[PDB]
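The chain below stands alone, shown as C-alpha coordinates; this is the form deposited in one PDB entry.
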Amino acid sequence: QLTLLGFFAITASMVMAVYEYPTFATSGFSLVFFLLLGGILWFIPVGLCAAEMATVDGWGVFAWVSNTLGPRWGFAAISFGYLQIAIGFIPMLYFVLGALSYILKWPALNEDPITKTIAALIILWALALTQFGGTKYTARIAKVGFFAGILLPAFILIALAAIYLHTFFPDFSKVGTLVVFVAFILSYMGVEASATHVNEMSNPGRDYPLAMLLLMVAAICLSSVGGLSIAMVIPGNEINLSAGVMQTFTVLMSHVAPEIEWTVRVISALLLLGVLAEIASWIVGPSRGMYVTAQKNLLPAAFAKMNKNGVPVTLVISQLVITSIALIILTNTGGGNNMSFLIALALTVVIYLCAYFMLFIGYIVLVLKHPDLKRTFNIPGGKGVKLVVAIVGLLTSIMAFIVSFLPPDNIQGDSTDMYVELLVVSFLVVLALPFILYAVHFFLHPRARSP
(Lines give C-alpha, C1' and ligand atoms only; values in the text may rest on other atoms or scores of the structure.)
Protein backbone atom coordinates (compact mmCIF):
# COMPACT_ATOMS: atom_id res chain seq x y z
CA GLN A 1 0.00 0.00 0.00
CA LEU A 2 0.91 3.60 -0.93
CA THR A 3 -1.83 6.25 -0.79
CA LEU A 4 -3.32 8.61 -3.42
CA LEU A 5 -1.12 11.38 -2.03
CA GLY A 6 1.73 8.92 -2.46
CA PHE A 7 1.24 8.61 -6.17
CA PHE A 8 0.56 12.35 -6.45
CA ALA A 9 4.03 12.77 -4.96
CA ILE A 10 6.34 10.08 -6.28
CA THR A 11 5.23 11.26 -9.76
CA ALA A 12 4.48 14.92 -8.92
CA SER A 13 7.93 15.59 -10.32
CA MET A 14 6.25 16.82 -13.55
CA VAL A 15 3.74 19.43 -12.35
CA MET A 16 6.33 22.15 -13.10
CA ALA A 17 6.68 22.97 -16.80
CA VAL A 18 8.81 26.11 -16.93
CA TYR A 19 10.87 25.67 -20.13
CA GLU A 20 7.45 25.50 -21.69
CA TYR A 21 6.05 28.56 -19.85
CA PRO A 22 7.28 31.07 -22.48
CA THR A 23 5.29 29.51 -25.33
CA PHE A 24 2.10 28.85 -23.33
CA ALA A 25 1.49 32.62 -23.29
CA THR A 26 1.46 32.95 -27.07
CA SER A 27 -1.95 31.34 -26.85
CA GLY A 28 -3.18 34.21 -24.71
CA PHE A 29 -6.05 33.41 -22.36
CA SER A 30 -6.70 30.36 -24.55
CA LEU A 31 -3.83 28.64 -22.71
CA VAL A 32 -6.09 27.58 -19.86
CA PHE A 33 -7.95 25.87 -22.70
CA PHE A 34 -5.19 23.76 -24.21
CA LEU A 35 -4.40 22.59 -20.67
CA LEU A 36 -7.87 21.13 -20.01
CA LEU A 37 -7.71 19.65 -23.48
CA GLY A 38 -4.37 17.93 -22.85
CA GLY A 39 -5.45 16.79 -19.42
CA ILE A 40 -8.89 15.34 -20.06
CA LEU A 41 -8.38 14.09 -23.57
CA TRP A 42 -4.77 12.95 -23.40
CA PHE A 43 -3.13 12.99 -19.97
CA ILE A 44 -5.85 11.08 -18.11
CA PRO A 45 -6.33 8.62 -20.98
CA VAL A 46 -2.60 7.89 -21.37
CA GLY A 47 -2.50 7.41 -17.63
CA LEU A 48 -5.57 5.18 -17.26
CA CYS A 49 -4.50 2.86 -20.10
CA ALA A 50 -0.76 2.61 -19.38
CA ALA A 51 -1.87 1.79 -15.88
CA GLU A 52 -4.32 -1.05 -16.56
CA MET A 53 -1.52 -2.48 -18.70
CA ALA A 54 1.32 -2.10 -16.18
CA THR A 55 -0.60 -4.34 -13.76
CA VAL A 56 -0.30 -8.04 -14.55
CA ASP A 57 1.26 -8.94 -17.92
CA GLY A 58 3.62 -7.50 -17.17
CA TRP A 59 6.30 -5.15 -15.84
CA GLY A 60 8.11 -0.55 -18.98
CA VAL A 61 6.22 0.36 -22.14
CA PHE A 62 8.58 -2.05 -23.90
CA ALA A 63 6.85 -4.74 -21.91
CA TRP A 64 3.27 -3.63 -22.59
CA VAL A 65 3.55 -2.97 -26.33
CA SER A 66 5.75 -6.06 -26.72
CA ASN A 67 3.15 -8.26 -24.96
CA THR A 68 0.35 -6.91 -27.18
CA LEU A 69 1.82 -6.54 -30.68
CA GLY A 70 5.13 -8.39 -30.75
CA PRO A 71 8.86 -7.87 -30.11
CA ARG A 72 9.54 -5.42 -32.95
CA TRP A 73 6.73 -3.04 -32.20
CA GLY A 74 7.52 -2.90 -28.46
CA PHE A 75 11.23 -2.40 -29.05
CA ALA A 76 10.59 0.52 -31.36
CA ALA A 77 8.15 1.88 -28.78
CA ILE A 78 10.92 2.14 -26.22
CA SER A 79 13.40 3.53 -28.78
CA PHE A 80 11.06 6.44 -29.34
CA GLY A 81 10.54 6.77 -25.59
CA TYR A 82 14.32 7.30 -25.55
CA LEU A 83 15.11 9.27 -28.68
CA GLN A 84 12.38 11.67 -27.63
CA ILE A 85 14.83 12.48 -24.84
CA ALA A 86 17.97 12.45 -26.97
CA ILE A 87 16.17 15.45 -28.47
CA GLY A 88 13.64 16.60 -25.87
CA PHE A 89 16.87 18.01 -24.48
CA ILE A 90 17.21 20.87 -26.89
CA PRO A 91 14.45 23.22 -25.68
CA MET A 92 16.15 23.01 -22.30
CA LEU A 93 19.56 23.92 -23.71
CA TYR A 94 17.89 26.96 -25.30
CA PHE A 95 16.38 27.83 -21.96
CA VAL A 96 19.82 27.47 -20.43
CA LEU A 97 21.47 29.62 -23.01
CA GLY A 98 18.59 31.99 -22.34
CA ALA A 99 19.08 32.29 -18.60
CA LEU A 100 22.83 32.70 -19.22
CA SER A 101 21.73 35.35 -21.70
CA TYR A 102 20.26 37.36 -18.86
CA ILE A 103 23.44 36.73 -16.80
CA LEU A 104 26.92 36.96 -18.59
CA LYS A 105 25.17 39.92 -20.28
CA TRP A 106 25.03 38.70 -23.80
CA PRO A 107 22.02 38.55 -26.05
CA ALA A 108 24.45 36.80 -28.41
CA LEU A 109 23.49 33.58 -26.61
CA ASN A 110 19.71 33.68 -27.10
CA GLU A 111 19.89 35.03 -30.67
CA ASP A 112 23.04 34.76 -32.74
CA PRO A 113 24.52 31.35 -33.68
CA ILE A 114 26.88 29.81 -34.17
CA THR A 115 27.43 31.06 -30.63
CA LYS A 116 24.10 29.66 -29.48
CA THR A 117 25.02 26.31 -30.94
CA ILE A 118 28.67 26.14 -29.87
CA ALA A 119 27.75 27.28 -26.32
CA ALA A 120 25.11 24.57 -26.23
CA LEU A 121 27.65 21.99 -27.39
CA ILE A 122 30.02 23.04 -24.59
CA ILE A 123 27.37 22.92 -21.86
CA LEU A 124 26.17 19.52 -23.16
CA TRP A 125 29.43 17.63 -23.50
CA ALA A 126 30.59 19.28 -20.25
CA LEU A 127 27.53 17.82 -18.51
CA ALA A 128 28.52 14.59 -20.25
CA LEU A 129 31.98 14.82 -18.66
CA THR A 130 30.46 15.38 -15.20
CA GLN A 131 28.19 12.34 -15.49
CA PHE A 132 30.50 9.80 -17.10
CA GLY A 133 32.33 9.78 -13.76
CA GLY A 134 29.41 7.86 -12.31
CA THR A 135 26.01 8.87 -11.00
CA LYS A 136 26.68 8.89 -7.25
CA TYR A 137 25.52 12.54 -7.23
CA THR A 138 22.93 13.45 -9.90
CA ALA A 139 19.58 12.59 -8.31
CA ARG A 140 20.14 14.74 -5.19
CA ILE A 141 21.94 17.55 -7.01
CA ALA A 142 18.61 17.75 -8.82
CA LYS A 143 16.62 17.34 -5.61
CA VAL A 144 18.03 20.52 -4.07
CA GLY A 145 18.15 21.76 -7.65
CA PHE A 146 14.49 21.33 -8.49
CA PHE A 147 14.18 22.94 -5.07
CA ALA A 148 16.49 25.92 -5.46
CA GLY A 149 16.09 26.75 -9.15
CA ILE A 150 12.42 25.95 -9.87
CA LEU A 151 9.99 25.90 -6.93
CA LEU A 152 11.58 29.02 -5.50
CA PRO A 153 11.98 31.00 -8.74
CA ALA A 154 8.33 30.38 -9.55
CA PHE A 155 6.87 31.13 -6.09
CA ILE A 156 8.95 34.28 -6.46
CA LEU A 157 7.28 34.89 -9.84
CA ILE A 158 3.77 33.76 -8.83
CA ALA A 159 3.76 36.02 -5.75
CA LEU A 160 5.51 38.85 -7.61
CA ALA A 161 3.14 39.11 -10.59
CA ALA A 162 0.18 38.46 -8.30
CA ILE A 163 1.29 41.69 -6.62
CA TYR A 164 1.68 43.39 -10.05
CA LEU A 165 -2.10 42.97 -10.35
CA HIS A 166 -2.55 46.40 -8.72
CA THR A 167 -11.74 29.81 -21.92
CA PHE A 168 -11.19 32.33 -24.71
CA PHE A 169 -11.53 29.73 -27.47
CA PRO A 170 -8.54 29.70 -29.79
CA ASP A 171 -9.09 31.52 -33.06
CA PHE A 172 -9.33 28.88 -35.80
CA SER A 173 -10.08 31.63 -38.32
CA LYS A 174 -6.40 32.67 -38.21
CA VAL A 175 -3.80 30.14 -39.42
CA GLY A 176 -1.14 28.21 -37.49
CA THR A 177 -3.09 28.85 -34.32
CA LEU A 178 -2.96 25.18 -33.38
CA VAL A 179 0.73 24.22 -33.46
CA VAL A 180 1.26 25.58 -29.91
CA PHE A 181 -0.62 22.50 -28.67
CA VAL A 182 2.62 20.65 -29.17
CA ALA A 183 4.12 22.18 -26.02
CA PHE A 184 1.06 21.63 -23.84
CA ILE A 185 1.07 17.96 -24.86
CA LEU A 186 4.84 17.77 -24.44
CA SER A 187 4.11 18.87 -20.88
CA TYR A 188 2.16 15.72 -20.05
CA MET A 189 4.37 13.17 -21.88
CA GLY A 190 6.12 10.71 -19.51
CA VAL A 191 3.44 9.39 -17.16
CA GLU A 192 3.77 5.80 -18.28
CA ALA A 193 7.23 5.50 -16.72
CA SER A 194 5.64 6.07 -13.33
CA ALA A 195 2.56 3.99 -14.01
CA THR A 196 4.06 0.73 -12.78
CA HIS A 197 4.37 2.24 -9.29
CA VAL A 198 0.70 1.23 -9.00
CA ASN A 199 1.73 -2.13 -7.56
CA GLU A 200 4.05 -0.47 -4.95
CA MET A 201 0.59 1.07 -4.30
CA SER A 202 -2.57 -0.55 -2.97
CA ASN A 203 -6.32 -0.15 -3.37
CA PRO A 204 -5.56 0.94 -6.92
CA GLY A 205 -9.27 0.51 -7.67
CA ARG A 206 -11.07 3.80 -8.01
CA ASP A 207 -8.43 6.05 -6.41
CA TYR A 208 -5.47 6.38 -8.78
CA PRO A 209 -7.97 8.01 -11.13
CA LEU A 210 -8.02 10.68 -8.38
CA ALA A 211 -4.25 10.93 -8.15
CA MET A 212 -4.60 11.50 -11.86
CA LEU A 213 -7.61 13.77 -11.53
CA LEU A 214 -5.58 15.88 -9.12
CA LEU A 215 -2.16 15.66 -10.73
CA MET A 216 -3.96 16.97 -13.81
CA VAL A 217 -5.78 19.67 -11.87
CA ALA A 218 -2.52 20.79 -10.24
CA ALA A 219 -0.36 20.71 -13.36
CA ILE A 220 -3.16 22.77 -14.92
CA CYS A 221 -3.62 25.67 -12.49
CA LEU A 222 0.08 25.31 -11.82
CA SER A 223 1.45 25.26 -15.38
CA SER A 224 -1.09 28.00 -16.10
CA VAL A 225 -0.35 30.50 -13.34
CA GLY A 226 3.18 31.00 -14.69
CA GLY A 227 1.66 30.84 -18.16
CA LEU A 228 -0.79 33.63 -17.54
CA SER A 229 1.86 35.73 -15.80
CA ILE A 230 4.23 36.00 -18.74
CA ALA A 231 1.16 36.06 -20.92
CA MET A 232 -0.61 39.13 -19.60
CA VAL A 233 2.32 41.39 -18.82
CA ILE A 234 4.21 40.73 -22.06
CA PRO A 235 2.45 41.19 -25.44
CA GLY A 236 2.08 37.74 -27.00
CA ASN A 237 3.96 38.80 -30.11
CA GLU A 238 7.56 39.21 -28.94
CA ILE A 239 7.78 36.70 -26.06
CA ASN A 240 11.04 34.91 -26.71
CA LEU A 241 10.56 31.18 -26.15
CA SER A 242 14.04 30.65 -24.75
CA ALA A 243 14.13 33.76 -22.59
CA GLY A 244 10.47 34.61 -22.14
CA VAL A 245 10.52 33.68 -18.47
CA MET A 246 13.30 35.95 -17.24
CA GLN A 247 12.06 38.50 -19.76
CA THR A 248 8.82 38.44 -17.84
CA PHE A 249 10.92 38.85 -14.72
CA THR A 250 13.04 41.88 -15.69
CA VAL A 251 10.04 43.80 -16.96
CA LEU A 252 8.05 42.63 -13.93
CA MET A 253 10.60 43.89 -11.41
CA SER A 254 9.86 47.30 -12.83
CA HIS A 255 7.41 47.67 -9.93
CA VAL A 256 9.24 47.52 -6.60
CA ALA A 257 12.62 47.38 -8.39
CA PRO A 258 14.81 50.18 -6.96
CA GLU A 259 18.00 49.06 -8.67
CA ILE A 260 16.31 45.80 -7.65
CA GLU A 261 16.23 45.37 -11.41
CA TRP A 262 19.31 43.41 -10.28
CA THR A 263 17.84 40.63 -8.15
CA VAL A 264 16.68 39.54 -11.58
CA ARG A 265 20.03 38.32 -12.97
CA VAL A 266 20.30 36.43 -9.64
CA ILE A 267 16.91 34.81 -10.31
CA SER A 268 18.38 33.79 -13.65
CA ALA A 269 21.33 32.23 -11.84
CA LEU A 270 18.91 30.05 -9.87
CA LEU A 271 17.05 29.07 -13.05
CA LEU A 272 19.99 27.97 -15.14
CA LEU A 273 21.05 26.16 -11.97
CA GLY A 274 17.90 24.04 -11.65
CA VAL A 275 17.74 23.27 -15.38
CA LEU A 276 21.43 22.35 -15.38
CA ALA A 277 20.65 19.87 -12.60
CA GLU A 278 17.82 18.16 -14.47
CA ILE A 279 19.78 18.01 -17.73
CA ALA A 280 22.58 16.37 -15.83
CA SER A 281 20.13 13.72 -14.60
CA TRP A 282 19.00 13.07 -18.19
CA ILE A 283 22.54 12.47 -19.47
CA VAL A 284 22.32 8.90 -18.01
CA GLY A 285 18.84 8.11 -16.60
CA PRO A 286 16.88 7.25 -19.78
CA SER A 287 19.92 5.77 -21.56
CA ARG A 288 19.91 3.26 -18.68
CA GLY A 289 16.13 2.86 -18.79
CA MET A 290 16.58 1.31 -22.24
CA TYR A 291 19.29 -1.29 -21.73
CA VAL A 292 16.52 -3.79 -21.11
CA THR A 293 16.94 -4.52 -24.82
CA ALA A 294 20.70 -4.97 -24.84
CA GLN A 295 19.73 -7.65 -22.31
CA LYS A 296 16.74 -9.17 -24.18
CA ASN A 297 17.71 -11.48 -27.08
CA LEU A 298 20.68 -9.19 -27.78
CA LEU A 299 18.30 -6.95 -29.77
CA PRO A 300 20.79 -4.00 -30.00
CA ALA A 301 24.05 -5.24 -31.54
CA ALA A 302 27.01 -5.10 -29.05
CA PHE A 303 25.42 -1.78 -28.03
CA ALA A 304 26.54 -2.36 -24.46
CA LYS A 305 29.64 -1.73 -22.36
CA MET A 306 28.13 -1.11 -18.90
CA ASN A 307 31.10 -0.42 -16.59
CA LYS A 308 30.89 1.84 -13.51
CA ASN A 309 30.01 3.47 -11.33
CA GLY A 310 26.75 3.24 -13.25
CA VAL A 311 26.43 2.81 -16.16
CA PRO A 312 25.91 2.33 -19.95
CA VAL A 313 28.06 4.15 -22.55
CA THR A 314 27.73 3.74 -26.31
CA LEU A 315 24.07 4.47 -25.62
CA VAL A 316 24.86 7.71 -23.79
CA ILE A 317 27.48 8.78 -26.29
CA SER A 318 25.32 8.25 -29.39
CA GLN A 319 22.42 9.75 -27.55
CA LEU A 320 24.83 12.67 -27.56
CA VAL A 321 25.74 12.37 -31.24
CA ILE A 322 22.05 12.26 -31.87
CA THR A 323 21.31 15.23 -29.64
CA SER A 324 24.37 17.10 -30.88
CA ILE A 325 23.39 16.50 -34.49
CA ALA A 326 19.82 17.53 -33.76
CA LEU A 327 21.34 20.62 -32.18
CA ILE A 328 23.72 21.62 -35.00
CA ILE A 329 21.23 20.85 -37.75
CA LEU A 330 18.12 22.20 -36.05
CA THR A 331 19.83 25.37 -34.69
CA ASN A 332 20.91 26.77 -38.06
CA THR A 333 18.01 26.69 -40.57
CA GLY A 334 14.93 28.87 -40.70
CA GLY A 335 13.50 31.78 -38.77
CA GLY A 336 16.26 31.55 -36.22
CA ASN A 337 16.27 30.82 -32.53
CA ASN A 338 12.50 30.92 -32.09
CA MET A 339 11.30 28.65 -34.85
CA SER A 340 14.17 26.53 -33.53
CA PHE A 341 12.82 26.31 -29.98
CA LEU A 342 9.27 25.54 -31.24
CA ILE A 343 10.29 23.05 -33.95
CA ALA A 344 12.53 21.16 -31.51
CA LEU A 345 9.60 21.05 -29.14
CA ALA A 346 7.32 19.59 -31.82
CA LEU A 347 9.81 17.12 -33.34
CA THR A 348 10.52 15.73 -29.86
CA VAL A 349 6.75 15.47 -29.53
CA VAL A 350 6.04 13.46 -32.72
CA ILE A 351 8.98 11.10 -32.15
CA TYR A 352 7.49 10.25 -28.72
CA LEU A 353 3.89 10.26 -29.98
CA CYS A 354 4.85 7.27 -32.02
CA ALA A 355 5.35 5.21 -28.90
CA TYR A 356 2.10 6.65 -27.58
CA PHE A 357 0.15 5.42 -30.65
CA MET A 358 1.64 2.01 -30.08
CA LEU A 359 0.66 2.20 -26.42
CA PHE A 360 -2.95 3.03 -27.20
CA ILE A 361 -3.37 0.43 -29.99
CA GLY A 362 -1.75 -2.24 -27.82
CA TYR A 363 -4.23 -1.32 -25.10
CA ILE A 364 -7.21 -1.75 -27.40
CA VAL A 365 -5.63 -5.13 -28.21
CA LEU A 366 -5.17 -6.08 -24.52
CA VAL A 367 -8.81 -5.18 -24.01
CA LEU A 368 -10.36 -7.07 -26.88
CA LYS A 369 -7.87 -9.81 -27.86
CA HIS A 370 -6.92 -10.55 -24.20
CA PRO A 371 -9.89 -9.90 -21.88
CA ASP A 372 -8.95 -13.03 -20.02
CA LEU A 373 -8.13 -11.15 -17.92
CA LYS A 374 -5.90 -10.85 -14.82
CA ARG A 375 -5.00 -7.25 -13.76
CA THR A 376 -4.33 -5.80 -10.28
CA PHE A 377 -6.06 -2.68 -11.74
CA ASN A 378 -9.03 -1.85 -14.04
CA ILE A 379 -10.66 1.20 -15.70
CA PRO A 380 -14.25 1.70 -14.41
CA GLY A 381 -17.05 1.55 -17.05
CA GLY A 382 -16.54 -2.19 -17.49
CA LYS A 383 -15.30 -2.13 -21.09
CA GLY A 384 -17.56 0.20 -23.01
CA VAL A 385 -15.62 2.96 -21.31
CA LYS A 386 -12.31 1.03 -21.35
CA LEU A 387 -12.48 1.25 -25.13
CA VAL A 388 -14.11 4.64 -25.76
CA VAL A 389 -11.36 6.15 -23.56
CA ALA A 390 -8.50 4.36 -25.30
CA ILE A 391 -9.79 5.65 -28.66
CA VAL A 392 -10.20 9.20 -27.32
CA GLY A 393 -6.56 9.17 -26.25
CA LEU A 394 -5.48 7.70 -29.60
CA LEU A 395 -7.39 10.45 -31.31
CA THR A 396 -5.99 13.50 -29.49
CA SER A 397 -2.60 11.88 -30.00
CA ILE A 398 -3.15 11.89 -33.78
CA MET A 399 -4.32 15.51 -33.64
CA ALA A 400 -1.13 16.52 -31.85
CA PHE A 401 0.75 14.57 -34.50
CA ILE A 402 -0.64 16.36 -37.56
CA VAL A 403 -1.09 19.76 -35.93
CA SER A 404 2.64 19.46 -35.12
CA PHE A 405 2.93 20.20 -38.86
CA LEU A 406 0.78 23.28 -39.44
CA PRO A 407 2.99 26.25 -38.45
CA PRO A 408 1.65 29.77 -38.83
CA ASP A 409 3.19 32.29 -41.26
CA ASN A 410 5.70 33.04 -38.49
CA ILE A 411 6.27 32.04 -34.85
CA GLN A 412 7.25 35.27 -33.08
CA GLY A 413 8.05 36.90 -36.44
CA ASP A 414 11.09 34.81 -37.36
CA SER A 415 10.39 32.69 -39.45
CA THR A 416 11.22 31.82 -43.10
CA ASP A 417 9.33 28.53 -42.71
CA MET A 418 11.51 25.94 -44.30
CA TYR A 419 9.63 24.26 -41.42
CA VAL A 420 7.65 21.15 -42.55
CA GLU A 421 10.41 20.36 -44.96
CA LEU A 422 12.72 20.07 -41.89
CA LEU A 423 10.36 18.64 -39.26
CA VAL A 424 9.46 15.91 -41.76
CA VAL A 425 12.87 14.91 -43.16
CA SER A 426 14.05 14.92 -39.54
CA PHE A 427 11.34 12.80 -37.94
CA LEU A 428 11.70 10.43 -40.85
CA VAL A 429 15.42 9.87 -40.52
CA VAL A 430 14.72 9.28 -36.81
CA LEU A 431 11.61 7.11 -36.95
CA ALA A 432 13.73 5.01 -39.28
CA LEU A 433 16.33 4.26 -36.56
CA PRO A 434 14.62 1.88 -34.13
CA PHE A 435 13.35 -0.31 -36.99
CA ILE A 436 16.61 -0.47 -38.92
CA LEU A 437 18.49 -1.74 -35.84
CA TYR A 438 16.11 -4.55 -34.82
CA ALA A 439 16.17 -6.17 -38.26
CA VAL A 440 19.95 -6.55 -37.90
CA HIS A 441 14.85 11.25 -7.35
CA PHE A 442 11.09 10.97 -7.38
CA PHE A 443 12.21 14.53 -7.86
CA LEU A 444 13.68 14.10 -11.34
CA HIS A 445 11.26 13.87 -14.31
CA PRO A 446 9.30 10.67 -15.16
CA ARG A 447 10.41 10.90 -18.82
CA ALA A 448 13.81 10.28 -17.26
CA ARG A 449 13.77 8.07 -14.11
CA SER A 450 14.70 4.43 -14.74
CA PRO A 451 13.22 1.44 -12.87
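In this text, the rigid core denotes the largest set of C-alpha atoms whose superposition between the two forms falls within 1.5 Å. Numbers for residues come from their place in the sequence shown, where the first is 1.
Another form exists, deposited in another entry; not displayed. Remarks below refer to it.
Student: Taking only shifts of 2 Å or more in Cα after a rigid core superposition between the shown form and the other one, tell me which of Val266, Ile122, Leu298, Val321 qualifies.
Tutor: If I go through the list carefully, the shifting residue is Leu298.
Student: Answer yes if the Cα of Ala257 shifts by 2 angstroms or more between the shown form and the other one on a rigid-core superposition, and no otherwise.
Tutor: Indeed, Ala257 is displaced by 2 Å or more.
Student: So the C-alpha spacing of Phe435 and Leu298 changes by 3 Å or more in the other form; is that change toward closer or farther than shown?
Tutor: Nearer in the other form, by 3 Å or more.
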